[PDB]
Each structure stands twice: as structure tokens, then as C-alpha cells.
**Student:** 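There's a structure below that I have some questions on.
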2 protein chains.
Amino acid sequence: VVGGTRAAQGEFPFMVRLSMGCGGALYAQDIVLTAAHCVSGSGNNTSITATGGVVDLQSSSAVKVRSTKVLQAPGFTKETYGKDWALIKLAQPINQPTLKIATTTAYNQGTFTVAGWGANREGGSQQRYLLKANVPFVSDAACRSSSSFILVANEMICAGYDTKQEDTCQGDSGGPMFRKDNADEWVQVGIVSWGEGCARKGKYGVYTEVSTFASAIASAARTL
Amino acid sequence: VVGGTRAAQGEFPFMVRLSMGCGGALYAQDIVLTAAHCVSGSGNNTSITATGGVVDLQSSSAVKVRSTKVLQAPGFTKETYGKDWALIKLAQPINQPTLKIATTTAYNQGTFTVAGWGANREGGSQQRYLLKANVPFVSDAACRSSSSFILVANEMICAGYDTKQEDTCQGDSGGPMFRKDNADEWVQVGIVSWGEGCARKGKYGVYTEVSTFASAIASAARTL
Ligand SMILES: [Ca+2]
Ligand SMILES: [Ca+2]
Ligand code: NA
Ligand code: NA
């Protein structure tokens, strides 16, 4: 996160760090929702470690759990190309609250919150402590005007600033973009997906449009 | 590869593309040597697809084989932090000549060849067709001096140019850096690991120093 500050311990308990250098969210206590581009494909996979429970990745309170299998969005090709979601089944649950995902378009607007352990600047190192930032919605029309690479409107939600240096960055991929719902609970509207650089002038962040995929995500989760 | 030219079909039969968007070398017909940072850890993994046999990833002749297991260098932390190697066991062999690795420092000098399907410029798209370039050895002293991040001298070999636009880039990671040995056969001296930008002025490419790890790589392979 560029232009971020530390999340408090316990603030976003659904956050998970994944050992390929991505974030994720606890969709179920034993299922992590992340980006398709954070995984290689679908199959059995006991090589990923999920770190839950803590903002400080060096904390002895961390819960470290291995994966058992991965389901990458059917049809996934590359970020700028859409369908950037995946599920990781965990061998054991992480006993933390889950993050509900958006199943309608009701929340695909307003001011979002992002969080991750990715870089704090283009080209930078990953972070020890979870950082957070707020980023405002940017319409598909405004995002496509800014963009070089294809925007698949139905599959991508943009957010960020024109010149303010506040954005997700490398290693934030797969984390949730979220906001409050009408019942004052967090709801996931995006997955950190891609951007042209980080916090570049005139460029925004691009996130998987979770409401488009929520049905497919539930179907995938039932396979795990 | 920045400043690359297309590799001919058959030129480097040992090149492998991996479905997380990395390169690799055919270390054994059923074992790909790649970068640690291209995998998540060690364990079972049937989710990676290796594409062998072809310079054109879309070729009707491509050999697409799934993984069965991954072994990430024990103690790997961080590209700039060394030990950037991993092995991927394949469910089926790729019937191509394998790339012998260096076990001595005899070839850690001179002009190397690099190849990959990574970007041809910073922020570019991955390539359909394999590209190659030549990059000269750069001493650890010159490389350290140039670098903003940790250079672990024994674990990292640098190569490239001060200003000429010829380098590996994003998505070339995991591919081999190689040259001829005394028997005029290809030998692998490096694994594409990291760099500050791509072909940036005053910056080089940083490669895993394979001779340091050759014994550990063979012992890992023996267990797969
Ligand atoms: Ca949209
Ligand atoms: Ca060295
Ligand atoms: Na911007
Ligand atoms: Na340079």
C-alpha cells in the first residue's frame, strides 16, 4: 500500500498473508479468496502457507496453515483480461471472522478501504505490518479513459486518486477491497488485481468486480 | 527480455514456460529448475502447467504437462535475500535435452545468454514468442555498489549493461542464464531473480549463483 498507515491488531481480522507474496481474505474459516494471478492454476496444492490472526507477520500469535487445494477462476488468462479470482482451501480453519462478499451491485460505489503487506512505493519491499488506505470509486468510463490495457467493464472495478499518492501496489494483490454495507458490516467489493505502476499520476487501481463473480465463487467453494 | 530478438524454434530446447508467469529450465526431463520466488513453498502441487518444446506458447506442438510437487530452496526469504531457486516435478517428461548446471565457478564470467517470455520493456505484456539476449558478467563489487537492496555475493551473480537496453524483465524470472562450458555444451550459471526496473541506467540484472547451490539442487532433486 502506497500512502498507507498501519492497521490495528484485530481491525481487519479476515486478512490473510499468502506465501507467494499476496494477500487474501477469509471467505470461510478454511477458504481464502485471493486473485487468480496469485496462483498457477487449479489442483491439489499443499505448498502455500497462509498467515492469519495478526497484523505483524513476525508475531508469535500468528496462525500459519498450509493449503490443500486451489481453484483458479475458470477461463482465467491474465489480469488485464479479467476473471482475476481464486480460492485456496486450507488444511485447518483460521479462527477469525470471515469477510462477506458482495452478491449485488449495491456497494460498487463510494469510498473503499484496502489493506495489505505489499510495497509502499513502486519497486519497494514487502511490509512486516499490515497497511491500510482509503480509495474512492472511479467509474469504468473514467478508468478506461485513463488506461492503456484493456478494461473488461463487467469484471473490473476501479478506485483511486488522480495525483494523491495513495494506492495498492505489488504484493497487495489478492487482498480485499471493502466498505460498509447497509447493515454496518464490512462487505468485499473488490480483489486487488492490477495497475499501471503504483500511485501514478492519472492512473488508478483495478480490482476484480466481486459481485459479478460471487455466484461462481460460491460454486467453486462448494468443490473444496 | 528487453533488447531481445526472437529465439529460433529448437535453439534452446531446455526452455520451459510456467503457468504463474515465470520461466524455467529443464533440469531433468521431469524436473524444472526455476526461481524460489516463482513458487509458494514446498509440497504437493498439481496446479502448475509447464509448456515445453516450443518457442511459440500458442503452438499446436506445445508440450503442456502438469506439476506434481514443488521444492522451494530451504530458508528462502526474499529475492534480494538470496537462495532464489526451486524445483518443480512434472507428471510426465518433456523429451528435450536438459540443461546441465554449473557446479564450479569456472564459467561465472564472460558473456552469458538469457531467454524468456517476459516483458520487453518496463510494464510491458508477457510475450508469445521466446526472446533471447546476451548480457556480460558484472563483478559483485560493481553490482553491490550499484544496488539499493542487499547483494549477497556468494548467492547472486550479476550481469548486464550500465546503459544499453538489454536485460531480463518481469516474467523472465526463473529462466536460466547460461553459456558454453569447455566441452562446448550449454551450462547454467544463473537463474533470473531480480533487478531494479528493467535495463535501467546504472542498474544490472541479479541472478541466482547456481554454482553455490548445485549440491543442494541435486540433493533436492534426489528426493522428488
Ligand atoms: Ca466495472
Ligand atoms: Ca556473486
Ligand atoms: Na493516480
Ligand atoms: Na543498466
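All chains are named by letter (A, B, ...) in the order of the sequence lines, taking the proteins before the strands, and each is independently numbered beginning at 1. Every heavy atom of this structure was used, including side-chain atoms; hydrogens, water molecules and symmetry mates were not.
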**Student:** Does the plane of the ring in B:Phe213 sit parallel, tilted or perpendicular to the ring in B:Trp85? Use 30° and 60° as the thresholds.
**Tutor:**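 Judged by the thresholds at 30° and 60°, the geometry between B:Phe213 and B:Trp85 is tilted.
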
**Student:** Heavy-atom pairs under 4.5 Å with chain B: which of A:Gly123, A:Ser125, A:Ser19 has the most?
**Tutor:**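 Ranked by contacts with chain B, first place is A:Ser19.
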
**Student:** Would you mind checking which part of B:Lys78 comes under 4.5 Å of any heavy atom in chain A, side chain (CB onward), backbone (N, CA, C, O), both or neither?
**Tutor:**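 Side chain only.
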
**Student:** Supply the atom-to-atom distance A:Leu71 CG to A:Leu33 CG, rounded to the nearest 0.5 angstrom.
**Tutor:**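 Between atom CG of A:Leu71 and atom CG of A:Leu33 there are 11.0 Å.
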
**Student:** Report the option among A:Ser40, A:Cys22, A:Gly21 that has the most heavy-atom pairs separated by less than 4.5 Å from atoms of chain B.
**Tutor:**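 The candidate making the most pairs under 4.5 Å is A:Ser40.
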
**Student:** Among the options A:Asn45, A:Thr49, A:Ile48, pick out the one with the most heavy-atom pairs lying under 4.5 Å from chain B.
**Tutor:**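 The option with the most such pairs is A:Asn45.
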
**Student:** For the residue pair B:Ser47 / A:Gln72, report whether a side-chain donor-acceptor contact shorter than 3.5 Å exists.
**Tutor:**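 Looking only at side-chain atoms, B:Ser47 and A:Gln72 do not form any donor-acceptor pair under 3.5 Å.
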
**Student:** Can you see which heavy atom on A:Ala220 is nearest to which on A:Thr223, and at what distance?
**Tutor:**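 It is O-OG1, 2.7 Å.
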
